[PDB]
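Same protein, same chain, two forms; see structure 1 and structure 2 below, as structure tokens.
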Structure 1
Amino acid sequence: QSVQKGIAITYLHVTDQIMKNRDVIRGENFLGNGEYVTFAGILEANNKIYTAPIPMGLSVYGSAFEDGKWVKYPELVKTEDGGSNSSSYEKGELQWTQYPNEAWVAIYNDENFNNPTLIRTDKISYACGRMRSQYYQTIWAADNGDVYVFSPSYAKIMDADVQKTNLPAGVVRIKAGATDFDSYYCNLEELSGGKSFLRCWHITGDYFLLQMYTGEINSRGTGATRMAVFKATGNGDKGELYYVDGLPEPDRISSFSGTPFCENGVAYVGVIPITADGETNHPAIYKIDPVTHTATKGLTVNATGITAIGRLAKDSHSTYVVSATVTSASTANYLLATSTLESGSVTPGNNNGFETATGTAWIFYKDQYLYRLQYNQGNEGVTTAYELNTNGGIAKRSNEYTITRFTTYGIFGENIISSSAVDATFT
């Protein structure tokens, strides 16, 4: 028995609030070159699970294995601890992949994560966005079940030339029910004016929303203050990309709220300004119409930030929920109720004061529950969940758990699923 890298999987089962730690999956040599992986995203489509196994380089175990067999670039192996935050490294590791010019997708026939089908492409680098410790999902399904695998080519900012990818940001495709790539390929940098992206989502049909970088990619996801609409089958199945018109221009935007809320063929996203002085400059929710790639200003949020947008319902009661942060001399979080995202305002206070702890990731399960996932660096994550009660008020569900540290999440079936690469002992 020895300490190896593994893939931890946590299930948050929404019907009964049960939390399950899966047996840890062996991550050493997950892709056949010795490197270990971090899952990026958990996508359900065609009754399968799709994730992107993002290579991490070699663990200490990986660089020791069979007399260093897996070490292609020994000049990159570390001889002491170093690095910072979630990118700290230890003596003997080879940090980040030696194989940046490829992407993998792992496909599972159900949520037990047994017997993956693994498919490799040379057309794109690995399929995830990166923000501090977090691995953002960039694999998404069209309405017909075709899965589009996007890569922002994050690896371009690696220090070591051999660890940089030379592939532009781009997209490939897995047709519904298939477990091979087809021939589809779109070079996104040729459509975006040379720009890449932080993360992306599905809007409707074959329209996807990309949160675009304004300049160079960076490790903190800052300055990703444009949106663009991608029509995957546009221009004779070559892809079409349009920057969104009608949002505040980038030098007014501090950040976007994160995961959009999609209904009725459009996307809603929160915009947090750099300077929020005066009501017309407070954070606000914008509606993005993918057909016209046009945004319109909607609900104003009289708070410091916006962190989630969705819908909660119970019996005949139903409301939009906007998660909003308020920073003073620390930071409070409020779940604000509204019947519209497109006008008026919401303000934390006596008639809208459901306070929660802050969260790193906010996930709506359908219109039934809101899950908060709190990231705590090297320590355990924390999760709470929220619903409408039978009176129609927002309420916290009773079970509050520490969970394995997570760096990605998604949904399959009745489970919110979260994952990260962990140390584990195996036979």
Structure 2
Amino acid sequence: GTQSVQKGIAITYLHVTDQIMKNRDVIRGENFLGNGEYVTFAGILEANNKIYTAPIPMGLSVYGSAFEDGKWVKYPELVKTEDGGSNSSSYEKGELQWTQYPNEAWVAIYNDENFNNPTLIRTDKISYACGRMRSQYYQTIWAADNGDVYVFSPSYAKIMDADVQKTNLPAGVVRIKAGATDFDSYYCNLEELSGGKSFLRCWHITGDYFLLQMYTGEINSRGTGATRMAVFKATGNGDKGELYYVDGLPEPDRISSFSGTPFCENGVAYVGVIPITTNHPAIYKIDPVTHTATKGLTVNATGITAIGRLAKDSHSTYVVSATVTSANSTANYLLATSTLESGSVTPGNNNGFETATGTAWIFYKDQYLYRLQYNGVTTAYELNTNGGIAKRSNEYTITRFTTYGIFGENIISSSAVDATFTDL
């Protein structure tokens, strides 16, 4: 056969029990959806004993636009004539950047973590299901407690330069019932409910309630103005969806950012709120039933990069990962606390453990906290038998990732990559 550089999908596993890293053979990304384009997985969602992801279309690679004399090139006027761009937006001559098919969304359903033989399904009711901010892809596919998978799209593609690459669909939601292999008839237009606004990203809270980080103005590539929260009850209003803005958070013009991953327990969501700059980050409790927020634990640091729990034998604690950023340096501290609802935490005591910053953080149940970092090594933490934060024995070298999640006993990370493939 003929080997060439093509777009692939990388999959990396961190097995939390064995403490072993494995690299899956690279998956072909070219023509993943049958239109020549390659994809970036957004989300590794465990539900119904299966993995759901949104394969986000990327446009055409250099290989894909040249393939069989431009078979896949629908809009040749968009193929780049020379190298250019900057950062994640950088492109090579011959690429077609961004999808040519913005008015649809796909979901891949995999039977297990081997990522073989996906069930690929398409809807024309929403655009693609992820959020975006510069180089980041945010998961927007989530399961209700009953296993129903809700597939949200903020319609990020509305901000594309070329008309044919804009979506004309409003931000909205569709559904895959638990155990089903295709979408049902559910559809909710979120812009009609929100006052014309989309969202940066979203998460599950409990039951059929989801948390949306809402925009105050237009969606944009820098995340500007993503300073409100709303609670979406998917089956509310007679299975039409119901959206309520959250009351009790700081005023939007006082919010610098929210932390990236809420912590959900006891039916509520705990969210890190970073105010504009004495004004410290604090963790707010959001009750989805009343769409009300209350101020809890104050964090005496720059930011909040993880909230969760660690447990070992008869010891357990909450763990807040906090950043300390100076003019000349970045630091991260893991801070133990018995409560998220009052008081404060401050680096500088025995209940704190310093780490390098990490690209992303994820808790595996209440057993481990993983600090995912590419080059830099990936590390993991636990409670020791004495109840203190401890580093696990094994470290890992992983590559750049754009999505991550847990299935079974594996932490899984993924990215679109260049790789050699053999064609017939």
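For clarity, a rigid core is taken as the largest C-alpha set superposing within 1.5 Å between two forms. Only residues modelled in both forms are compared. One-based numbering along structure 1's sequence throughout.
For the set 353, 177, 74, 344, a Cα shift of at least 2 angstroms between structure 1 and structure 2, after rigid core superposition, holds for 353 and for no other residue. Superposition of the core reveals a Cα shift of less than 2 Å for residue 144 between structure 1 and structure 2. Taking 2 Å as the criterion, residue 222 counts as shifted between structure 1 and structure 2: its C-alpha moves by at least this amount when the rigid core is aligned. In the core-aligned comparison between structure 1 and structure 2, the Cα atom of residue 101 sits 0.2 Å away from its counterpart. The Cα position of residue 405 changes by 1.2 Å between structure 1 and structure 2 once both are aligned on the rigid core.
Summarising the core-aligned comparison between structure 1 and structure 2, the C-alpha atom of residue 132 is found to shift 2.2 Å.
After fitting on the rigid core, stretches of 3+ residues whose CA atoms all move by 2 angstroms or more between structure 1 and structure 2 lie at 220-223, 350-353, 374-376.
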